[PDB]
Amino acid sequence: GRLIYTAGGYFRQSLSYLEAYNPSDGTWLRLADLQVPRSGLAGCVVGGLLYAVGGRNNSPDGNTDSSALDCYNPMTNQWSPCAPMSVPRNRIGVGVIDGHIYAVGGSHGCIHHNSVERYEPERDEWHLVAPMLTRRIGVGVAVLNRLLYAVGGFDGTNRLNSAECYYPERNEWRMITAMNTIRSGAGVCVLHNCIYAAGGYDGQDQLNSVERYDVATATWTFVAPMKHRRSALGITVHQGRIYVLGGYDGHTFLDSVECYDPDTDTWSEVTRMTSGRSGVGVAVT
């Protein structure tokens, strides 16, 4: 029994929602709210615990970038604060290698980070690792072959189609083949040994196109596009399928949840979130 969790997001302001979707029966669970609202955060799971990393709290009274790391226990329905990151990281990308959380890029006011840091739950400590070759906010992150890939994003001046790879044993970054499309705020995940980059923003329009990276051929190829154009979407993999949750299409905050079946190369709307939102953190446990 595994659930798709969605934490935070944005609709008029940053949200505290923590909701879980059960793909087997189509039900939505309303769980304990985040202590501090956040959009542009990322979610991940380590040892059956859900983590909400970074983001920013946008309120009609003012905005605050977050360096926070919070931990949710599904068995207790409780959030617990963890050690914060060295810097606030809004529009962050996160990846897990060997139970260690990597917080990648993101922004803090006028600063677009290339810095990357790693959290060890067993010690409750963050330590900086080698920074990326490019500053990246709205970066998609995927873990494949025990390497951490940072895909697309925005460097402060340009929207990116470039992507790079981190080798944890060597503590170094290398540029890989660039995507066909410039994407900032895309959903990046790994399914069947491929990295998928779905949606995002190319500097002019929100995208519905989806491309996947094959490591053996080192090429990015387009697969079937989503029904809705979306940036700042949440993304996850559950039982061999890709799930995209919410986002922003340029005017509307989507409640649509689409599901990609790699066998048929088709997307279908499987459910709707309880309300439309963008910039959510998503994870499965």
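All residue numbers are counted from 1 along the displayed sequence. Between two forms, the rigid core is the largest collection of C-alphas that superpose within 1.5 Å.
Q: Line up the rigid core: which moves more in 6 other deposited structures of this protein, 65-73 or 22-30, by C-alpha RMS?
A: Between 65-73 and 22-30, the one lying farther away in 6 other deposited structures of this protein is 22-30.
Q: Do you reckon 55-63 or 236-244 strays further from the shown form in 6 other deposited structures of this protein, measuring C-alpha RMS after a core fit?
A: Between 55-63 and 236-244, the one lying farther away in 6 other deposited structures of this protein is 55-63.
Q: Of 214-222 and 32-40, which one has the bigger average CA B-factor?
A: Looking at the record's C-alpha B-factors, the answer is 214-222.
Q: Quick one: higher average CA temperature factor, 199-207 or 144-152?
A: Here the higher of the two C-alpha B-factor means belongs to 199-207.
Q: Looking at 97, 71, 94, 178, which one carries the largest C-alpha B-factor according to the PDB entry?
A: Among 97, 71, 94, 178, the highest C-alpha B-factor in the entry belongs to 178.
Q: Would you mind checking where the Cα B-factor of residue 116 ranks among the modelled residues of its chain, as the lowest, middle or highest third?
A: For residue 116, the deposited C-alpha B-factor lands in the lowest third.
Q: How does the C-alpha B factor of residue 78 compare with the rest of the chain: lowest, middle or highest third?
A: Lowest third.
Q: In terms of the chain's CA B-factor thirds, is residue 182 lowest, middle or highest?
A: Ranked within chain, residue 182 CA B lands in the highest tercile.
Q: Taking the entry's C-alpha B-factors for this chain, is residue 15 in the lowest, middle or highest third?
A: Lowest third.
Q: Considering every modelled residue of the chain and its Cα B-factor in the PDB entry, is residue 103 in the lowest, middle or highest third?
A: As the PDB entry reports it, the C-alpha B-factor of residue 103 lands in the lowest third of its chain.
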